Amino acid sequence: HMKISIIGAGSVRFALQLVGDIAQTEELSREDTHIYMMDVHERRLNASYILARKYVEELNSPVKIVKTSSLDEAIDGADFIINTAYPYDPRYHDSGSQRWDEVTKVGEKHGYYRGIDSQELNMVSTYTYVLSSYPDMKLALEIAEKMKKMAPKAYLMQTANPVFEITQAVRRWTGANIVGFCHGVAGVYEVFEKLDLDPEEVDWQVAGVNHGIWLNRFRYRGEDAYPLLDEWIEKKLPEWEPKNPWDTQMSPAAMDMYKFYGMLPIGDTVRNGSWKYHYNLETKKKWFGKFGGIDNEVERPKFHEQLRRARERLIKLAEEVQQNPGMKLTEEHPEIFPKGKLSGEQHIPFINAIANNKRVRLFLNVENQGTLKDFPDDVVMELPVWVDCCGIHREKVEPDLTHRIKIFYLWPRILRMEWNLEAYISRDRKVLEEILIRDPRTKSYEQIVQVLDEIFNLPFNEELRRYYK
């Protein structure tokens, strides 16, 4: 049979997206397709399982849903393993976002605005946890080892962050068949809309690292289309206004980075700028608009609060369908349970390409292997690839990334990845300290020791503490 296992399936809205796409995919919506939903939180797991089955029935799909609390059962014989899990210490927390928010406050308590995990070219909230991302790296490596023995032919589709660090560590240290997934490339489509360009007429390409990708090719009617962006910057940027904290693709920060690097940063890359745009909230609002972006002391906690409420609402919704089995989820909540239209994420298209040879162009985190010849072959890059039955095939990156992107952006970010991996495998707190010694916000060595001490001493970091002892 076709076994697709979702690790961390309590991520309900994302689980239902995966389920909905599988049910609305002709080649996968079969009785021979088994979706395994696995999670450590019983309440969330059950809620997801109930909503998933009710959702599948309304879509009239014969795929069978199986829930399990055993990671081994989900991994055993799986064809594809989707890791969207966000570990947490259940003695003190209910989800993973809590540990990152709390340590971030300890960081700011010691003079590190937005926490020590916020660094130059690395501002995306909740991306790394205490630099080395111990609980997240640990789980990914555990799955990889269990996978090599129990599912030798499976693909580990890593979505939990940090995608870059994790995918690199698993590939380098286990040789497991892992691929990192993120749809940050989707930002290009707002560029085309703002410039009044039919996407189908645009010959474009992006490449870089996760949350560090650049519009290296942007052409229209047989010519470079960047002069059209120059015109927009001069005639329409002064009136740009963000629709919500997440709206940053066409922000002053994005264009200032374009002016310097020569290519437009795409997606979360705009969030991952130098400290020039992130010294404080006032600075963020100058460069990202009224909200100050999403990675600040106001919007980040607010967004995480919305997520918690959304979890409970969906839990209670699962109790509603059990009491009222006659309701139609697709009718009363069409947004959360779409019908007909696919989500647009890359996970299921990827599965449909490997399993059913439905060839598709995707943007995935895979080893360089000479694609960006100036970087090592084994470094995991976010590259344009065509996926089919027999492997993943990297496109040629043309034009190549600019000289400034390589020396001022890609390499510093690649080195930070290496710093973080070294901090994990070495189990040496001195590596963590060295990373903060390169941090602009550090004023003294004694400051570094103190912020790390308080972080390590938090009750829910007992495991992390013993790891580095």
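The term rigid core refers to the maximal set of C-alpha atoms that superpose within 1.5 Å between the two forms. Numbers follow the displayed sequence, beginning with 1.
- Between 320 to 328 and 90 to 98, the larger root mean square Cα shift in 6 other deposited structures of this protein, once each structure is superposed on the rigid core, falls on 90 to 98.
- Looking at 5 to 13 and 20 to 28, the one farther from the shown form in 6 other deposited structures of this protein by average CA distance, after a rigid core fit, turns out to be 5 to 13.
- Stretches 38 to 46 and 419 to 427 differ in mean C-alpha B factor, with the higher average recorded for 38 to 46.
- The stretch with the higher mean CA B factor, choosing between 316 to 324 and 213 to 221, is 316 to 324.
- The residue among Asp136, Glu332, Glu382, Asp117 whose C-alpha atom has the highest B-factor in the PDB entry is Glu332.
- Highest C-alpha temperature factor among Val270, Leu362, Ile336, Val206 per the entry: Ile336.
- In the deposited entry, the Cα temperature factor of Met250 places it in the middle third of its chain's modelled residues.
- Split the chain's modelled residues into thirds by C-alpha temperature factor. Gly289 is in the middle one.
- For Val451, the recorded CA B-factor ranks within the lowest third of the chain. Only modelled residues enter the ranking.
- Ranked within its chain, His278 lands in the lowest third, by CA B factor from the PDB record.
- Among all modelled residues in its chain, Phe14 ranks in the highest third by Cα B-factor.
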